[PDB]
Amino acid sequence: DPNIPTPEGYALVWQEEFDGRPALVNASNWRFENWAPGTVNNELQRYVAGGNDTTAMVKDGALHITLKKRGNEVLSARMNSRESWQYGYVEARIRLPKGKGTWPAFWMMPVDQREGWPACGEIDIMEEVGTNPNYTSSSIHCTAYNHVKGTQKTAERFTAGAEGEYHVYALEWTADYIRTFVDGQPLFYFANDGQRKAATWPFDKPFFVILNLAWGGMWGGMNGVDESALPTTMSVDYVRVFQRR
Ligand SMILES: [Ca+2]
């Protein structure tokens with residue numbers, strides 16, 4: 001479609017356009033997590049499937065993931081794409097939520113996780129925390145480069161208005177390098193060192209896309225959380241996946 005900004009040399013292979021009343025997310029594209037609080041990263045939110053206690057819906061052509069307090073729990077949602085891809089251009093148009101304690105994320109995990117994490121590898125396309133507003137980052141995780149060893153590869157940049165406005169976060173992932181962009185402007189770069197060692201390059205297998213909004217946790221809650229900011233919403237206009245022709 002000529003209406004889709006397409007990187008040079010690429011063709012579209014997958015698109016979630018999230019096509020004025022709310023509706024349910026397209027279940028053929030996404031699998032939800034049903035996770036109690038504290039399941040990973042000591043996070044405070046509960047990830048639910050969805051009364052008005054729905055945390056993920058589609059409205060006005062965009063996915064909306066909303067953090068909301070219900071009872072004595074903060075509810076949210078975490079989605080995995082049912083399709084996966086090896087290499088490609090992975091782009092989403094995302095509007096970040098607002099509040100000390102938010103942790104929106106647009107990232108990727110491999111289909112094959114038998115090696116365990118972080119050996120299996122992890123690509124963070126967009127990460128941000130409401131305690132440090134409008135600082136979005138990109139990272140990769142692996143045996144050699146991860147936070148336990150203090151060696152995680154990451155890059156960070158201030159993007160004015162990222163909370164409250166849509167911006168285009170993208171990943172360019174080939175056999176030679178991983179690179180991310182913010183509004184077409186390069187941000188993170190990580191090269192394949194060519195050693196053919198899984199410790200430094202586990203990125204030669206299919207990965208799927210994850211969208212989630214956490215509350216608190218080891219990163220989001222490192223300075224505390226502010227429940228007065230609830231409710232707050234992360235909005236995704238689209239997720240598109242391109243691959244080389
Ligand atoms: Ca849309």
Side-chain angles (χ1 to χ4, degrees), residues 25 30-50 53-57 62-81 90 92-110 113 117-118 120-141 146-148 152 154 156 159 162-164 166-167 169 171 180 182 188 207-236 239:
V25 172
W30 305 95
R31 178 189 72 87
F32 288 85
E33 304 282 7
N34 283 278
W35 283 0
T39 295
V40 294
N41 307 288
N42 292 265
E43 292 153 16
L44 307 183
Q45 87 293 326
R46 169 179 293 273
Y47 286 140
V48 288
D53 57 353
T54 75
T55 59
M57 51 81 176
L63 162 73
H64 291 67
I65 300 180
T66 299
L67 288 160
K68 54 180 58 181
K69 164 63 89 70
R70 290 301 178 266
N72 287 335
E73 277 182 339
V74 178
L75 300 186
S76 195
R78 165 157 164 173
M79 298 153 60
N80 303 270
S81 71
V90 185
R93 191 164 174 262
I94 299 177
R95 179 169 61 196
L96 301 184
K98 176 172 184 178
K100 169 182 158 179
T102 63
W103 186 358
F106 167 43
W107 53 307
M108 302 189 79
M109 283 288 280
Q113 300 175 21
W117 186 94
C120 63
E122 178 185 332
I123 314 181
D124 299 341
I125 306 173
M126 186 283 309
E127 308 247 350
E128 194 256 17
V129 287
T131 185
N132 290 317
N134 293 325
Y135 278 98
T136 78
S137 60
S138 304
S139 305
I140 59 101
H141 311 245
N146 64 81
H147 70 281
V148 172
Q152 179 182 322
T154 189
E156 180 192 349
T159 293
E163 301 184 349
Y166 281 105
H167 293 262
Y169 307 94
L171 160 77
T180 68
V182 176
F188 176 72
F207 279 61
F208 53 86
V209 163
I210 303 179
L211 288 169
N212 74 277
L213 177 47
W215 182 246
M218 292 313 297
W219 195 7
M222 69 178 185
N223 291 324
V225 296
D226 174 22
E227 286 197 357
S228 73
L230 302 181
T232 190
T233 301
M234 180 195 185
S235 297
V236 187
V239 185

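Below, all heavy atoms of this structure are taken into account, side chains as well, without hydrogens, waters or symmetry copies. Counting from 1, the numbers follow the sequence of the chain as shown.
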Validation row: [X], [Y] side chains within 4.5 angstrom (heavy atoms):
| X | Y | value |
| --- | --- | --- |
| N212 | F106 | no |
| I125 | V90 | yes |
| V182 | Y169 | yes |
| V48 | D53 | no |
| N41 | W219 | no |
| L96 | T136 | yes |
| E156 | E128 | no |
| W35 | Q45 | no |

Atom pair [atom1] ([X]) and [atom2] ([Y]), whose distance is rounded to the nearest 0.5 Å:
| X | Y | atom1 | atom2 | answer |
| --- | --- | --- | --- | --- |
| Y47 | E33 | OH | CD | 9.0 Å |
| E43 | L213 | CD | CG | 10.0 Å |
| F207 | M109 | CZ | CE | 7.5 Å |
| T232 | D226 | OG1 | CG | 10.5 Å |
| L67 | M234 | CG | CE | 10.5 Å |
| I65 | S76 | CD1 | OG | 6.5 Å |

Problem - Sole residue of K69, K100, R70 in salt bridge (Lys or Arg N to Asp or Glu O under 4.0 Å) with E227 - result: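 Exactly one candidate clears the test, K69.
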
Practice task
Give a yes-or-no answer on whether the side chains of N223 and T131 include a donor-acceptor pair shorter than 3.5 Å.
Solution key: yes

Exercise for the section: Go through the side-chain N and O atoms of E122 and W117 and say whether any donor and acceptor fall under 3.5 Å apart. Expected result: yes

Problem - Residues, nucleotides or ligands: over 12 heavy atoms within 6.0 Å of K98 NZ - result: no

Handout entry: Residues, nucleotides or ligands: over 12 heavy atoms within 6.0 Å of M222 CE
Key = yes

Problem - Minimum heavy-atom distance between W103 and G220, given as atom pair plus value - result: CE3-N, 3.5 Å

Practice task
Of all the heavy-atom pairs spanning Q152 and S139, show the shortest one and how long it is.
Solution key: NE2-OG, 3.1 Å

Practice task
Under the side-chain hydrogen bond (donor to acceptor under 3.5 Å, both in side chains) rule, what do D124 and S138 come out as? Steps first, then yes or no, please.
Solution key: CA-CA 5 Å; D124 299 341; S138 304; over 6 Å; no

Exercise for the section: Report the residue from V74, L44, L230 that forms a side-chain contact (heavy atoms from CB on, under 4.5 Å) with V225. Expected result: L44

Handout entry: CA sep, side-chain torsions, deciding dist, call: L63, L211, side chain to side chain contact (heavy atoms under 4.5 Å, CB included)
Key = CA-CA 10 Å; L63 162 73; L211 288 169; 4.0 Å; yes

Handout entry: side chain to side chain contact (heavy atoms under 4.5 Å, CB included) evaluation trace for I94 with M126
Key = CA-CA 9 Å; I94 299 177; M126 186 283 309; 4.2 Å; yes

Problem - Cationic N near anionic O, under 4.0 Å, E73 to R46 - result: yes

